[PDB]
Each structure stands twice: as structure tokens, then as C-alpha cells.
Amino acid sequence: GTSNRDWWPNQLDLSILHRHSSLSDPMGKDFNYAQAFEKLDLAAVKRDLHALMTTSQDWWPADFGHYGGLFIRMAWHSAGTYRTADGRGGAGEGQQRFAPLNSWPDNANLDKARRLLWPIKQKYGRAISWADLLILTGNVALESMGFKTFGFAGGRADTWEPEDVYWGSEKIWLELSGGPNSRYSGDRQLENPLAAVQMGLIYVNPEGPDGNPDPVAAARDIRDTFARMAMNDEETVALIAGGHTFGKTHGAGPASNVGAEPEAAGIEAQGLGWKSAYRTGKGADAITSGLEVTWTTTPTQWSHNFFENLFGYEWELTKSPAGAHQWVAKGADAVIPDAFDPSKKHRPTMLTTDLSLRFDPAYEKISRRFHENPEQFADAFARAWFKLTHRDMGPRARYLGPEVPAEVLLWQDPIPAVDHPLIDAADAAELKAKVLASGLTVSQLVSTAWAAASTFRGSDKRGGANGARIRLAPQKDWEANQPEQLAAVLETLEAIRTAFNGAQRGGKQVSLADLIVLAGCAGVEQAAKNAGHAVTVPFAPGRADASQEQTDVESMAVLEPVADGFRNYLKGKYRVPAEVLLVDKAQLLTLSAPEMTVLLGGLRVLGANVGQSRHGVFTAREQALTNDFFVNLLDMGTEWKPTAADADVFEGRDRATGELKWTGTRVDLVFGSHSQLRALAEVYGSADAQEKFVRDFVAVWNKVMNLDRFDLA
């Protein structure tokens, strides 16, 4: 069947905005996962998981009689797709159970892991999501094997279709670098927003870079990829060495014996894949990665034997039974148990990437400290495993259940508790009038609130106006935020806040974070009044102000908008057309196509553009909330042509006279070009649409202001 994508493969794709509709969701409109989870008997779940660890199924026999290592891997791959660039990936939506991740080569035989958990999923039903269950199982694995975890939070609601994520442009699984769709350029520079070295890998190639078995070079790829998943050197060493304290790899015979991944398998395989023709195809004969390494002398028990082995032997390059590069201990005794035959033992073995932890000089210093102080190792691992498995959960208000760690961690972008009465509706009205009487303009107020709120991304639930981090480094200096204009607005609002708070009794006060948002509300109300329409914009107080010391500046860098079509802003020059970057931003903001359309058309006419650019400002009443963007865009009296100076800037002239009327960017003009978007623009540009336009704009503005308000969820 030939499709639109076939005929016009470079046309913009809006389907990403309308994933996750109520059509594909089996649960009722009113289902609230948090409410279900809060009544789960978590202790009972964990007893069932504990029992499962040593209850072998014959269709995928447990190595050493214990499924712990399989489950740790499973949970670490669930989390391990996370990228800091865009927040996409991670364990927080249970996406491992869908395409493509269910069929990535690095996820081979996790289909068996997940199938082992169906009976518990079945028993507890909607009260425990697959997303939560994956991570809970990894924690119970660890605990059953003698490792004390840092804690666990529930609250990852399940999803019902695949997310549309850019995982790379290669058309071959595992393609080595330097092909026609290489993700690498320059001196081994991995393209943003990717966080893995080859298509279908979680981080790095366990043989070494593009299969070259050099631990030093492999260390470069480990450091770079892990950094792109928000882990520093200490955390990376703790996680790799921690994980590889347990279980084993699987490479008992050649990889040609392994058949189709789950999405390609026959209907009779019932959602499993990688069926192997090698001997029994499972257990002692299993093939997963093609490597055949067992790291420790007690693969089912926490120990400090990984570093004992790493540092206690010299290593020789060797090949698994599938032909993969791996390493074996020179001169060693057979001290490693076999997974199924109590009469066999094996020499210690390592991956290239395990040896990275000894031969990269910065890793070696950490690894040695951990070898000499295993208690430090265990604490670092526990902390890093919690961060790994929670990194995309969002604010601590979303954390559910009885095992949530009390310690507040800097990476959580923490928000202090509120310990005073909040402002009421009359206070809000008072403050809106004070803001408008200060002489701050509609443009300043809208722009500032937009800048504060629109750092939110739904991918990892970071960002948003809560915190008032706009006032701090680094947000206060980001170019998009217009640092000198911002500072003047903030000074004025801070004086309003001080005077209101100084007048109160009873401990009532308003945070700056709330006042930034409220003042933006006032701007939108005043713009509506400038158009002749009285509207009240909703406002919910309860934001708190975070300190600089509670804000990790280097982690906040990935939230900087380098492209924000809603402010007609592009920080530099990109390969991806600006309209594609608009739809990417709308997806991160959780906006539908209608929402994105109304929001953009209103911001244009409110003066929200960076630098006060005229591009897309298709109105002669700037700072009035009207549908003029749409009416003027759609006027066939105007003809549009790209400028000679810049192909991405367009001039709109009167068709009859030649007179210059407007200028616009690709982001403005796409609403008059794309057939779906133009259809939306036509609703808002019709003569009956002024009330609708205003109502819909106010609704979407309030939605954006509240994106991070999980305290009200």
C-alpha cells in the first residue's frame, strides 16, 4: 500500500503530536495510576518477585538457578536508553515492551525476562504498571542477592504505543561507524541527541569501538555515552562494576543460529524472538550477545570479586564460541562456577569494556578506590542505580510508595517545601493589578512567563516554572531569554513581591516563581482587554523558589532552548528545517497540533519573539490578543518569496502593488503551507473565530504554565 510518507518522504510529520490519544488507551478516561498504585500491597509484590528469582522455567532455564542477573540487565536496559539531550528514552514509560526497543539486538532475550514477569503482572493488574514492575524487579534481584538498594519510587504509568524517538539514521542494525548514515563525524563526535555508538545498542560495543578490542579507546566511548545519559565517571564505574558483579553473558555457539527478533518473528512465537537452532537453544546453550563471560566466583551474590579479578590478574585477548573478542585471565585457576554443570569451573573472564575500568587512567583511580574500599563501592552503586532508574521520573512529587528515599539529591532539581499560607483569588487579583500598574508591558510579561515555563519537557519531566530558576545561573544568561531584558523584569517583579509580602500578616507570602507566572497571566489578560475582550486567565499558586546551591548548573545546560519556534528563535544554523524543530518542541511541551497552532499565533501578536523581531508579527495591533496572525497569513492578497540574503526568511508583498507588508521565517509560513496545519490556521482565521481563538489561547497558555505542577496532580 503506497502512503503519503512514500510519496513525500521529507514533508513534516505531525503524527508525533497525536500519539497517546485516548483511542489507543484501554483504561478508562478517569483511570488514575497513582491512586491504584497507592493501594498496591508492595510488600506482597516483592515477596512474589523474591520467590520468582529461584523458580526456573524450562523454556528459559535460570543460570545458576537464579534469574537475578537477567533481571538486573533487564532493568538497567529499561533505563539505559535515556539521553540528556532531549530527555527521551529511559524506564519511565515501559517502552521496552514496544517497538523498536523490544527488538533491539542489545535487548535480545529480555523478551524472556519480561515473559517471566507476566504471572505477577497478571496477579496485581492495574495496580502495578509494567514500567514500575521492570525497575522493581531489578531492585528485588539486587536485594535477594545481598545488596542494599537506596530505595524505590512507583508512579511510572504505562503507555500503550511506541514513542516516536530519533534513534539514528542507519538502515542496518548495529552498522559500524562511517557508513552513509554515520552517527559520527569529525574526531569521533557522536551526533546529538544520540547516546549510543551503534544502532540498537544501549551504550557502547562490548568488544570495543566498531569492534576493535582496545580498552583505552573503548573508555572514550563509555565516558562519552554515559555522560550523554547524565552519569559522571564515579557513577559510571560504580554502575558497570556493580552490574558485572552478577550473572553472566551468553555466547555458547555461533550467532547465525539465532533467528528473527520479536517484531519479525512468526505469529506462533507469541511475542518472543531470537529463537536459536544451537543445541537446546537456551540455558547452557544460550546465545544473547555472542560473548561468553562470567565475571565473579559467586554470580548470584553481592561481593567485591569483580575488582578483585580485574586487578588480581593479567588479561589475554581471546574469542568466544561465537567468535567475539573477549578476555581471559592469564595463568588462572578454574574458580568461576558453571551456570548448569556443578562439576565444571572456568577461568575468570572480562569484556574489553570491563578492562576499560582499569586501563583508562581516570577510571583506574576510581576503580582502585572502590577495590580498596568496597563499602564506598556499594554506596556509590546504590546511589547510581537509584539515579539510573529514576532519572526520567520528574519532580519528587511524582514519587509514590513506602520506599522513597528521604534524601534530596541535587540531580532531582529539587523544589523546597512550602511552609506558609498561599495567596487566594483576591490576592491574585491585587497582584495582577500591581503588575500592570508597574508599567511592565504585555510583551515583557508574556515573554518572561514563557521563558520560565517553556523549559519543561514531558520526556523526563524536567524543567518548568516551578523553582524560579529563570533567575539563577544558567537560565538567567541564556540567549533565548534575553538576559538584560529579563533582569529588568525580574527586578521589578521582585520589588512587587517584597512589598506584597511585607504587608501581609499571618505568614502568607507569594513566591517569585508564582509571581512570574501570575504576571504572565496579567499580561495575557491585558492583551485580551487591548483587543476589547475581558477574560480571566486561571492561576494556581504553590510554586516555590529554589536556590542556586540547589541547582546543578551543568545538568541544567541540556534544557537550554537553542531552537524555540514559539519565540521565532534559532540560536544557530541547523541541518534539520526549523519547522521540524517546532514540532519537536511542541512534542516536548505535550502540545497537540491545534494547541501548538493557537499558541504560536497568539505569541506572535503578543510580542514574544526574541529580539523583538518582526518576523511573523502579522498585525498592526501588537500586544492585543487577536487572531490577526491567521487572518493575515491566509490572505491570498499577499505573495511570499524567499529573500536573496537568506533563503529561510520570506517577504510578503501585496500581489497587485508590490508593496512590502510583512516578513516571516519558515516557522511562520509552515502554517500556510502544510496541509494539516493550514487547515488548523483556517479555523482560527475565520470570521467567527475571535472568541474561540481567545478561549483556546488562554487554555493552552494555562496548560503550559502548569506542566510541572505535579503537586496539584
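Numbering starts at 1 and runs along the sequence shown.
Averaged over CA atoms, B-factors in the entry run higher in 1-9 than in the other of 1-9 and 703-711. Remark: stretch with higher mean C-alpha B factor among 133-141 and 177-185 is 177-185. Highest CA B-factor among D164, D460, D379, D424, as stated in the entry: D164.
The entry lists C-alpha B-factors for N102, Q482, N466, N373, and the highest of these is at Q482. Sort the chain's modelled residues by C-alpha temperature factor and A495 lands in the highest third, per the entry. Per-chain ranking of the deposited C-alpha B factor places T54 in the middle third. Looking at the C-alpha B-factors along this chain, the one for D646 belongs to the highest third. In the PDB entry, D48 places in the middle third of its chain by CA B-factor.
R655: CA B factor lies in the highest third for its chain, per the PDB record.
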